[PDB]
Amino acid sequence: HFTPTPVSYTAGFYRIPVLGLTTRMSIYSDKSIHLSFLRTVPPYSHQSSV
Amino acid sequence: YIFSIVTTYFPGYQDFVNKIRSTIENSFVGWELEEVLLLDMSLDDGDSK
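Quick notes on the rules
- Residues numbered from 1 in each chain as written, not as in the entry; some residues may be left out.
- Chains lettered and ligands numbered in written order.
- Part of a larger assembly, values for the part shown.
- Heavy atoms only, no water.
- Residues with missing side-chain atoms left out of burial classes, pairs and counts.
- Helix = DSSP H or I, 4+ residues; strand = E, 2+ residues; numbered from the N terminus.
- Contact = heavy atoms within 4.5 Å.
- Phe/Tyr/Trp six-rings, centres within 6.5 Å; stacked < 30°, edge-to-face > 60°.
- Polar contact = N/O pair within 3.5 Å; in protein donor to acceptor, adjacent residues only side chain to side chain.

What the entry reports as its method is cryo-EM, with 4.3 Å given for the resolution.

Take a look at the structure:
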């Protein structure tokens with residue numbers, strides 16, 4: 001839950017992209033704190049919605 | 001006694017509008033807001049919009 005956080009905000013310090021691969025935590029889904037974050041695997045929200 | 005608000009994203013802005021809407025209603029004095037607008041400044045070439 002802590003490993004992918006720094007590559008998010010440190011990159012966003014200049015607003016440069018970071019692409020995630022298999023992150024499961026839903027905290028990064030917010031568009032404000034991590035505006036420059038992307039995800040490749042679906043989050044838990046949609047597997048709940050199914 | 002009349003005003004209108006407009007803002008873009010990011011400053012957790014939902015709390016601002018929620019608080020102002022909650023506070024405006026209760027008091028006896030009749031504030032009458034009109035045409036609240038939400039604007040997206042991230043749109044590319046959205047100047048015409």
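That shown, we press on.
Along chain A, the regular secondary structure elements total two helices and two strands. Overall, chain A shows an N-to-C arrangement of helices and strands of α-β-β-α. Reported as C-alpha extents along the three principal axes, the dimensions of chain A are approximately 35 × 20 × 15 Å. When contacts within chain A are restricted to residue pairs at least 6 apart in sequence, long-range pairs at least 24 apart make up 19% of them.

In terms of helices and strands, chain B carries one helix and two strands. C-alpha atoms of chain B, sized along the principal axes, occupy 45 × 20 × 10 Å. For chain B, the proportion of contacts with a sequence separation of at least 24, taken over those separated by at least 6, is 76%.

This brings us to the packing of aromatic side chains. Ring centres of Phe-13 of chain A and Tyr-14 of chain A lie 4.9 Å apart, and the angle between their planes is 65 degrees; on these two criteria the pair is classed as edge-to-face. Their ring planes at 10 degrees and their centres at 5.4 Å tell us that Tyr-9 of chain B and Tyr-13 of chain B sit as a pair that is stacked. Counting every residue linked through ring pairs, the aromatic cluster contains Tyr-1, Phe-3 and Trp-31 of chain B.

Before going further, it helps to examine unusual backbone geometry. Look at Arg-15 of chain A: it is not a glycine, yet its phi comes out positive at around 60 degrees. Despite not being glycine, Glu-35 of chain B has its phi angle at roughly 60 degrees, a positive value. Mapping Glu-35 of chain B onto the fold places it in the loop between α1 (14-26) and β2 (37-38).

So, about the side chain of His-34 of chain A. Residues and elements named next belong to chain A. Relative to the assigned elements, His-34 resides in the loop between β1 (18-19) and β2 (37-38). A distance of 3.2 Å separates polar atoms of two side chains, one belonging to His-34 and the other to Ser-8. Setting aside anything within four residues of it in sequence, one finds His-34 in contact with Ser-8 and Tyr-28.

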